[PDB]
Amino acid sequence: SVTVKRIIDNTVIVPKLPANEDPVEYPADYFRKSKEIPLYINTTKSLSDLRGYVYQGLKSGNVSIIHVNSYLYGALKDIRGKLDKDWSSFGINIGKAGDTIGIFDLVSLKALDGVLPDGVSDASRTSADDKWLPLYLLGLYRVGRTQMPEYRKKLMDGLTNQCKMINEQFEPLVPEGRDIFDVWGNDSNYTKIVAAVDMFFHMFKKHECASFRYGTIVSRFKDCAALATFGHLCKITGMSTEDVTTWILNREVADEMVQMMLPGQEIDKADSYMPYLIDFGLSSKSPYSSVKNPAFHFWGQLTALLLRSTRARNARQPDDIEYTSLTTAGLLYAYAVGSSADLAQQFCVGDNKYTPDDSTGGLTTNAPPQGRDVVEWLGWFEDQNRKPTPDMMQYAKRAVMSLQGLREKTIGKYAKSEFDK
Amino acid sequence: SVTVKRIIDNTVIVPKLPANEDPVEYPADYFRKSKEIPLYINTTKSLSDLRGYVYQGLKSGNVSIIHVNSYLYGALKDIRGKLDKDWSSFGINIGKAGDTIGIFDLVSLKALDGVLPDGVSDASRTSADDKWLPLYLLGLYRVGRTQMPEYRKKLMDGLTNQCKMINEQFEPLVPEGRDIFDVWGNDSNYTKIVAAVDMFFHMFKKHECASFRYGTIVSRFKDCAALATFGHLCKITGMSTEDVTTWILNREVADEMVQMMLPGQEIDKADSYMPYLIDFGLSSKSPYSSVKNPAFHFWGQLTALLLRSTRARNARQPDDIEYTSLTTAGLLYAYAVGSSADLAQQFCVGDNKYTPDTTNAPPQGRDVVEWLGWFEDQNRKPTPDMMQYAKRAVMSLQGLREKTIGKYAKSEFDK
RNA sequence: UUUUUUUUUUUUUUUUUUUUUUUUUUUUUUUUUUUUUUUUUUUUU
């Protein structure tokens, strides 16, 4: 309808509305530009010194990020790990058959000049070093993310990990909520280390030091929720990835989907850079984020909730998506899966059940399709005047009533308002 | 009916009522007049000094706006940012062709003479300067707007931002509510800076200092709510902008609409001056305001509420609009969209579903004409199903502030 | 006794402001107050 007129007086009006941008950036379409990920670990002073500046700065309640980065690089240059097979991503050849490589085999540059305390702090601290101190430093990255009292839930475990080798304790005193170390995550160089470590131990899963993954793990797939919700959807319906896809039933979800499955981005790859696209700063607007995939995110989570997901009762309810239609589509999917059990004899002793029996005996009209086929159901749905039948509605009610403790703006609370009146 | 007579005695009466004015002012119809936006950053004394007068005045509990403006101009003349493509708005050619430009490439004049403390304050403060001090100053603009305890919600984040570089803390002590800095927003020169900064970093989205956008952002589209509600309406119904338009069903909403879509105002433009029409003082009565688009604003928000918007349960309920009719029209729109799911197979494996296969059964899709007609058939009075639809949309809403269209909606439909 | 709205008037008549506002919306990115890994009956000589 490129053209709209106003009837009263036959004048043209040209409906337009403010431009929005934030185009996503994929990982591949970046190793076009550079062919290395720069890690500006700056000053290169003694490790013995650095071990000091931190062990102090920590107990103190302030310590330069610049210092901790430098210390980490220091205690982590263990060139451990022997390449099982080969290894390469996005063209970059990280190593190969049994080469020996270490964490920072992901691209080190140095820089700047200014620091803090002079040359050499308090010698008091020894090689109660690598062992555990780095783990702490990395641990805090995880803790620095959660905005809620749950943080002290993690820190608890964050140290009841820790105790392993020396049995120390707390270091700061100040809660968090953003101010303390909670802002380390804002240091492009810090994150790059966290990512490099996680990506590294994800490969050498078995390694005395692979315990460092604690707290370094919440960097893997950071800002890739949509991919995850898609994964859960499959697991939770029993359907294949291609079958689940066909059940997508509104454009902007298909749009979203197409956007996520763009090829040659290595998402199905074992150990690639793609999962850390954010923390290595490969991309500044993830294509797989839940906020750039709102329609999908809603549909997928609402559906899983109707199918009894626990995860899904607390997902966030995006804004500016087409709710009513998104949820009608979810209901249907949920209803189809919900009433047609896979159900098929699996083992036997000489006597199977052949499902056959002259498969026609009950309702032939408004009895809904047998299996889980989009076409059968779409058609059945047409037959129903494209308006949810009372049973579906009943299905939804019995899935959302008896949910309790629902945070507002979650799709849990949305679902319960919509269906359990 | 230019003529009204009184039956009892055949005398003419001439109904008239008080004149109202506030005609709107568009942005374009202004770069007719001037061709520059004047920024009277006054005194031009040392930055080192200024850094002082504020760092003091702040911790104190009073500091001249005049000073802070000057300080800002001081720490912000970073001529950073290299023009990606070209850049021009309303005729004004801001930059070009790989040019390098900085924030204040939007028109500086100087003025007046009088100030406050003498020449040089407390040297105590250094270049813990640009880094973070300006951000604070700008941050306050945002905080200075909200009239509610939510302000300390923003200031919280307003500093837990802050904490990056230096880790400082509070500066005033006195809450807010209009008195402290909450009045900086009244300084035509202050705002002009806020706008210039926002408009600048909206262009150079990627820039070490682009973090300054915090708190400078609520100036973008300030007093342009109607435009926003129209955008949400589209997003929330799934309809195109031209299709949504056709669902407008009462004159004064069409009037309103026509007013908003006046051409050559650059509203669909990426980075124009239009969004900052108020803070650059391009216009003193926005055409896009919610108060100059009441009917639209009501209709648009009511409809979105029926369609499950969360945003919309708290919109304000304008006065002096035609409620009953405005809401009948909204209901219908909401009912149409609400019952006809887009619903269409999108991916396949060799076997698509071809959709191919009464009286008071309502139209199939979402077409105004089909529905208008169906509605005629219904004696232009909402059927029991619609009414039911409305109820199930508004009951189970809780926590409604009064004068919101949330509360209006719940009173009308969930008896 | 004579009185009688616990009425008053003087003007009034939104415990409305119009100057601009109107999601007690938002840096951005983002969103199970998920997860180290192993487990996961606050089962047991």
# chains A, B, ... in the order shown; residues from 1 in each chain; ligands from 1
call {"tool": "interface_residues", "arguments": {"of": "chain B", "to": "chain A", "cutoff": "8 Å", "atoms": "only C-alpha atoms", "output": "compact mmCIF listing (two decimals) with C-alpha atoms, in the first residue's frame"}}
result
# COMPACT_ATOMS: atom_id res chain seq x y z
CA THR B 160 26.98 2.81 39.69
CA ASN B 161 27.75 3.91 36.21
CA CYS B 163 32.21 4.18 39.41
CA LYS B 164 34.41 3.28 36.46
CA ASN B 167 35.11 5.44 42.34
CA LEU B 227 5.08 9.39 17.43
CA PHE B 230 2.14 5.06 16.85
CA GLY B 231 5.33 3.07 16.52
CA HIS B 232 4.29 0.78 19.39
CA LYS B 235 4.84 -3.25 16.48
CA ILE B 236 2.11 -4.50 18.75
CA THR B 237 -0.53 -5.35 16.12
CA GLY B 238 1.88 -6.66 13.52
CA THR B 241 2.23 1.65 9.06
CA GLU B 242 -0.14 2.26 6.18
CA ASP B 243 -2.56 -0.47 7.25
CA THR B 245 -3.46 4.23 9.48
CA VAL B 258 -2.44 14.26 9.53
CA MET B 261 2.82 13.14 9.34
CA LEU B 262 3.30 16.57 7.82
CA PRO B 263 6.07 16.14 5.22
CA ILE B 267 11.05 12.24 11.28
CA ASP B 268 12.00 9.06 9.44
CA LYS B 269 15.55 10.33 8.99
CA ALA B 270 18.44 8.57 10.71
CA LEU B 307 -3.77 -6.15 22.88
CA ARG B 308 -1.71 -6.83 26.00
CA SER B 309 0.79 -3.97 26.09
CA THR B 310 2.47 -3.49 29.43
CA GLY B 338 -7.21 -10.07 18.68
CA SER B 339 -9.18 -12.87 17.12
CA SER B 340 -7.56 -13.14 13.66
CA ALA B 341 -4.07 -14.58 14.22
CA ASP B 342 -1.56 -13.88 11.42
CA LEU B 343 -0.88 -17.60 11.62
CA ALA B 344 0.71 -18.90 8.40
CA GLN B 345 3.08 -21.81 7.81
CA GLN B 346 6.56 -20.36 7.30
CA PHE B 347 9.09 -23.19 6.70
CA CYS B 348 8.57 -26.63 5.10
CA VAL B 349 9.94 -29.90 3.76
CA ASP B 351 4.64 -30.09 1.73
CA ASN B 352 3.09 -26.65 2.39
CA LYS B 353 -0.45 -26.05 3.63
CA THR B 355 -5.00 -22.32 3.07
CA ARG B 392 -10.56 -10.92 29.76
CA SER B 396 -6.54 -9.46 36.29
call {"tool": "interface_residues", "arguments": {"of": "chain C", "to": "chain B", "cutoff": "6 Å", "atoms": "only C-alpha atoms (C1' of nucleotides)", "output": "list in words"}}
result
residues 23, 24 and 27 of chain C
call {"tool": "write_last_selection", "arguments": {"atoms": "N, CA, C and O atoms (P, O5', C5', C4', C3', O3' and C1' of nucleotides)", "output": "PDB file, in the first residue's frame"}}
result
ATOM      1  P     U C  23       3.704   8.636  28.539  1.00  0.00           P
ATOM      2  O5'   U C  23       4.114   7.912  29.892  1.00  0.00           O
ATOM      3  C5'   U C  23       3.203   7.065  30.571  1.00  0.00           C
ATOM      4  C4'   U C  23       3.931   5.850  31.077  1.00  0.00           C
ATOM      5  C3'   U C  23       5.295   6.125  31.693  1.00  0.00           C
ATOM      6  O3'   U C  23       5.157   6.515  33.053  1.00  0.00           O
ATOM      7  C1'   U C  23       5.397   4.225  30.222  1.00  0.00           C
ATOM      8  P     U C  24       5.703   7.879  33.726  1.00  0.00           P
ATOM      9  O5'   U C  24       6.998   7.385  34.541  1.00  0.00           O
ATOM     10  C5'   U C  24       7.610   8.109  35.606  1.00  0.00           C
ATOM     11  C4'   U C  24       8.197   7.197  36.669  1.00  0.00           C
ATOM     12  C3'   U C  24       7.691   5.753  36.683  1.00  0.00           C
ATOM     13  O3'   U C  24       8.461   4.926  35.811  1.00  0.00           O
ATOM     14  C1'   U C  24       7.475   6.705  38.866  1.00  0.00           C
ATOM     15  P     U C  27      19.546   1.881  31.291  1.00  0.00           P
ATOM     16  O5'   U C  27      20.745   2.577  30.462  1.00  0.00           O
ATOM     17  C5'   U C  27      20.878   3.993  30.369  1.00  0.00           C
ATOM     18  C4'   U C  27      21.681   4.485  29.176  1.00  0.00           C
ATOM     19  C3'   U C  27      21.665   3.670  27.886  1.00  0.00           C
ATOM     20  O3'   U C  27      20.452   3.799  27.161  1.00  0.00           O
ATOM     21  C1'   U C  27      23.842   4.574  28.272  1.00  0.00           C
TER      22        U C  27
END
call {"tool": "interface_residues", "arguments": {"of": "chain C", "to": "chain A", "cutoff": "10 Å", "atoms": "only C-alpha atoms (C1' of nucleotides)", "output": "list in words"}}
result
residues 28, 29, 30, 31, 32, 33, 34, 35, 36 and 37 of chain C
call {"tool": "atom_distance", "arguments": {"atom1": "CA of residue 123 (chain A)", "atom2": "CA of residue 48 (chain A)"}}
result
7.6 Å
call {"tool": "select_by_dssp", "arguments": {"residues": "region 72-299 of chain B", "states": "alpha helix (DSSP H)", "output": "PyMOL selection string"}}
result
chain B and resi 72-76+133-143+151-162+188-203+225-237+241-246+251-260+294-299
call {"tool": "closest_residue", "arguments": {"among": "B:130, B:412, B:118, B:29", "to": "residue 302 (chain B)", "atoms": "only C-alpha atoms"}}
result
B:412
call {"tool": "residues_around", "arguments": {"residues": "residue 111 (chain B)", "least_positions_apart": "6", "cutoff": "12 Å", "atoms": "only C-alpha atoms (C1' of nucleotides)", "output": "number ranges by chain"}}
result
B: 38-44, 66, 70, 189
call {"tool": "residues_around", "arguments": {"residues": "residue 121 (chain B)", "least_positions_apart": "5", "cutoff": "9 Å", "atoms": "only C-alpha atoms (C1' of nucleotides)", "output": "list in words"}}
result
residues 48, 49, 50, 51, 52, 53 and 56 of chain B
call {"tool": "residues_around", "arguments": {"residues": "residue 254 (chain B)", "least_positions_apart": "2", "cutoff": "12 Å", "atoms": "only C-alpha atoms (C1' of nucleotides)", "output": "VMD selection string"}}
result
(chain A and resid 5 to 9 13 15) or (chain B and resid 244 to 252 256 to 261 293 to 297 299 to 300 326)
call {"tool": "atom_distance", "arguments": {"atom1": "CA of residue 337 (chain B)", "atom2": "CA of residue 408 (chain A)"}}
result
25.0 Å
call {"tool": "decode", "arguments": {"residues": "region 9-33 of chain C", "atoms": "C-alpha atoms (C1' of nucleotides)", "output": "PDB file, in the first residue's frame"}}
result
ATOM      1  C1'   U C   9     -24.063  34.541  49.871  1.00  0.00           C
ATOM      2  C1'   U C  10     -19.348  39.132  48.907  1.00  0.00           C
ATOM      3  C1'   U C  11     -17.762  36.970  44.840  1.00  0.00           C
ATOM      4  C1'   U C  12     -17.370  32.282  43.584  1.00  0.00           C
ATOM      5  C1'   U C  13     -17.617  27.081  42.392  1.00  0.00           C
ATOM      6  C1'   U C  14     -12.205  20.698  39.008  1.00  0.00           C
ATOM      7  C1'   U C  15      -8.440  20.287  47.247  1.00  0.00           C
ATOM      8  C1'   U C  16      -6.910  21.431  37.386  1.00  0.00           C
ATOM      9  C1'   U C  17      -3.231  24.076  35.458  1.00  0.00           C
ATOM     10  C1'   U C  18      -1.293  25.242  30.700  1.00  0.00           C
ATOM     11  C1'   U C  19       5.391  26.959  29.573  1.00  0.00           C
ATOM     12  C1'   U C  20       7.038  22.569  28.185  1.00  0.00           C
ATOM     13  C1'   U C  21       5.490  17.876  29.372  1.00  0.00           C
ATOM     14  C1'   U C  22       2.902  12.625  30.159  1.00  0.00           C
ATOM     15  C1'   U C  23       5.397   4.225  30.222  1.00  0.00           C
ATOM     16  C1'   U C  24       7.475   6.705  38.866  1.00  0.00           C
ATOM     17  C1'   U C  25      10.674   3.907  29.782  1.00  0.00           C
ATOM     18  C1'   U C  26      15.903   3.195  28.566  1.00  0.00           C
ATOM     19  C1'   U C  27      23.842   4.574  28.272  1.00  0.00           C
ATOM     20  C1'   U C  28      24.954   0.830  25.828  1.00  0.00           C
ATOM     21  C1'   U C  29      25.295  -3.900  25.369  1.00  0.00           C
ATOM     22  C1'   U C  30      21.970  -7.505  27.625  1.00  0.00           C
ATOM     23  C1'   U C  31      18.388 -10.702  30.113  1.00  0.00           C
ATOM     24  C1'   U C  32      16.272 -19.140  34.143  1.00  0.00           C
ATOM     25  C1'   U C  33      17.757 -13.999  41.630  1.00  0.00           C
TER      26        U C  33
END
